[PDB]
Amino acid sequence: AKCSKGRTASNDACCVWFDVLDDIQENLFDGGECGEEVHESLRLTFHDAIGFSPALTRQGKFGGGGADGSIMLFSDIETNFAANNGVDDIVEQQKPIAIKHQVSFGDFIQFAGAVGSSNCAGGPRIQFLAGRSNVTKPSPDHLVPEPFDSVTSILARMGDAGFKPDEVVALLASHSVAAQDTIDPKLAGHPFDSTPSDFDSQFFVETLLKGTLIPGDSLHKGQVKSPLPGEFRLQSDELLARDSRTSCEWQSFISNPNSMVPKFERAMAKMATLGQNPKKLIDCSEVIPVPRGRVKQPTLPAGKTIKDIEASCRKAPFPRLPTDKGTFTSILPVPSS
Ligand code: HEM
Ligand SMILES: [Ca+2]
Ligand SMILES: [Ca+2]
């Protein structure tokens, strides 16, 4: 079928997504940038989708509808869940965009995440399926993992939703393009790695460094010491990098950086369709832009050495990496407005 601006798609019902693409790229994402709005949009895909629990369903309780737009339609309820702190900003920005284009909240949330991530240097090109219904119910509370949850708790929660430990690690490649706002509000915008617009392996490297710094006046719930000026570290990321259930796969994205994009893409296709049947949706994947940027060689930060890495994979040593020359420059906070 013929879409706008000389574009085409096998399925006429994908054509609307080209118009949503143009709008969110030019406006929400300020000209195709991998900045704040993209980071928030990518986080939102998880906070919508993870509200899904077969365990609750089998005990005769509502388990959540997964990737169903519930966090948006029922934003009054869901954004007041503790685990959903700092989410309403992006939800209230996206809501009128989805309404104006008359696309479903669930589809829009996943679309904004897929388009957004494709703008990041070396980013993924996530599968995009359309057709999720708005008719659903608010997610139960306590289904979103928290940064102070144990690795046992996180893996069990993610396992219930459908993800193996390796897949949890893959999904956390998202933290390569990511900052915090609510754990330590005064340090809003301090990112989880040195390259928050580059979909690279620096997150996996830098979380394995020894925690040495309290960046603000104190530590806060869900935070641990960071290894570099300007960086923020989550307690969960630190535990996951070191825990024997996950440490080898954590290190695998450093030993084999080319695997990060394909494994993230596969895990995200799954997460974006929680509570849905793909065979009853339509495939509009071709609307997602092709990402640009080569796979980067992960490097140790300036002034750090291999002694600063807390290597945690029993079966295989940490890979030999180059070390950046000179002294370390504080990592810039992510802009936002
Ligand atoms: C597995 C357990 C996870 C935990 C405990 C966790 C925890 C967190 C926390 C505490 C923040 C900072 C929130 C704030 O204070 O502003 C954050 C940010 C973020 N999360 Fe995760 N997360 C998890 C998994 C994921 C997944 C699966 C995704 C998506 C694939 C994701 C995407 C993001 C992104 C893109 C940000 C940055 C948001 C921004 O820049 O404002 N996270 N996460
Ligand atoms: Ca949901
Ligand atoms: Ca990065």
# chains A, B, ... in the order shown; residues from 1 in each chain; ligands from 1
$ select_by_dssp --residues "range 207-317 of chain A" --states "helix (DSSP H, G or I)" --output "ChimeraX atom specification"
/A:235-242,247-255,257-271,278-280,285-287,306-308
$ residues_around --residues "residue 328 in chain A" --least-positions-apart "2" --cutoff "10 Å" --atoms "only C-alpha atoms" --output "list in words"
residues 228, 229, 301, 302, 303, 304, 324, 325, 326, 330 and 331 of chain A
$ write_last_selection --atoms "C-alpha atoms" --output "CSV table (one decimal), in the first residue's frame"
chain,number,residue,atom,x,y,z
A,228,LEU,CA,33.7,7.4,38.0
A,229,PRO,CA,32.8,11.1,38.4
A,301,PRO,CA,38.2,4.3,31.5
A,302,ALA,CA,41.1,6.6,31.7
A,303,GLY,CA,43.0,6.1,35.0
A,304,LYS,CA,41.5,2.7,35.7
A,324,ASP,CA,41.8,5.2,27.4
A,325,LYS,CA,44.8,7.5,27.6
A,326,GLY,CA,45.2,10.3,30.1
A,330,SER,CA,33.6,13.8,34.5
A,331,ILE,CA,30.8,12.3,32.5
$ residues_around --residues "residue 66 in chain A" --least-positions-apart "6" --cutoff "7 Å" --atoms "only C-alpha atoms" --output "number ranges by chain"
A: 48-52, 274-275
$ residues_near_ligand --ligand "ligand 3" --cutoff "6 Å" --atoms "only C-alpha atoms and all ligand atoms" --output "JSON, numbers by chain"
{"A": [176, 177, 193, 195, 196, 198, 199, 200, 202, 203]}
$ write_last_selection --atoms "N, CA and C atoms" --output "tab-separated table (two decimals), in the first residue's frame"
chain	number	residue	atom	x	y	z
A	176	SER	N	22.86	0.91	29.04
A	176	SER	CA	23.91	1.58	28.27
A	176	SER	C	23.49	2.94	27.70
A	177	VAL	N	22.17	3.20	27.69
A	177	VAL	CA	21.62	4.46	27.21
A	177	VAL	C	20.59	4.95	28.22
A	193	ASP	N	26.32	4.68	32.37
A	193	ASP	CA	27.66	4.54	31.80
A	193	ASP	C	28.15	5.86	31.20
A	195	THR	N	28.65	6.70	28.25
A	195	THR	CA	28.19	6.94	26.89
A	195	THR	C	26.68	6.75	26.72
A	196	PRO	N	25.89	7.66	27.30
A	196	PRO	CA	24.44	7.41	27.34
A	196	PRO	C	23.70	7.62	26.02
A	198	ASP	N	25.29	6.18	23.25
A	198	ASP	CA	25.92	5.07	22.51
A	198	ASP	C	25.47	3.72	23.06
A	199	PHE	N	24.85	2.92	22.21
A	199	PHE	CA	24.36	1.61	22.60
A	199	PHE	C	25.54	0.66	22.54
A	200	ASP	N	26.37	0.70	23.58
A	200	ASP	CA	27.66	0.02	23.58
A	200	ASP	C	27.84	-0.80	24.85
A	202	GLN	N	29.99	-0.19	27.37
A	202	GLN	CA	30.63	0.49	28.49
A	202	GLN	C	29.87	0.28	29.79
A	203	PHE	N	28.54	0.20	29.72
A	203	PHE	CA	27.74	-0.13	30.91
A	203	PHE	C	28.22	-1.43	31.57
$ residues_near_ligand --ligand "ligand 1" --cutoff "8 Å" --atoms "only C-alpha atoms and all ligand atoms" --output "number ranges by chain"
A: 35-47, 85-87, 144-149, 154, 158, 168-169, 171-185, 188-189, 191, 222, 234, 236-237, 264, 268, 334
$ closest_residue --among "A:317, A:106, A:227, A:298" --to "residue 134 in chain A" --atoms "only C-alpha atoms"
A:106
$ closest_residue --among "A:24, A:170, A:254, A:151" --to "residue 206 in chain A" --atoms "only C-alpha atoms"
A:254
$ closest_residue --among "A:321, A:91, A:129, A:77" --to "residue 270 in chain A" --atoms "only C-alpha atoms"
A:129
$ closest_residue --among "A:139, A:256, A:197, A:247" --to "residue 61 in chain A" --atoms "only C-alpha atoms"
A:139
$ atom_distance --atom1 "CA of residue 132 in chain A" --atom2 "CA of residue 104 in chain A"
6.5 Å
$ closest_residue --among "A:60, A:319, A:262, A:140" --to "ligand 2" --atoms "only C-alpha atoms and all ligand atoms"
A:140
$ closest_residue --among "A:88, A:249, A:68, A:30" --to "ligand 2" --atoms "only C-alpha atoms and all ligand atoms"
A:68
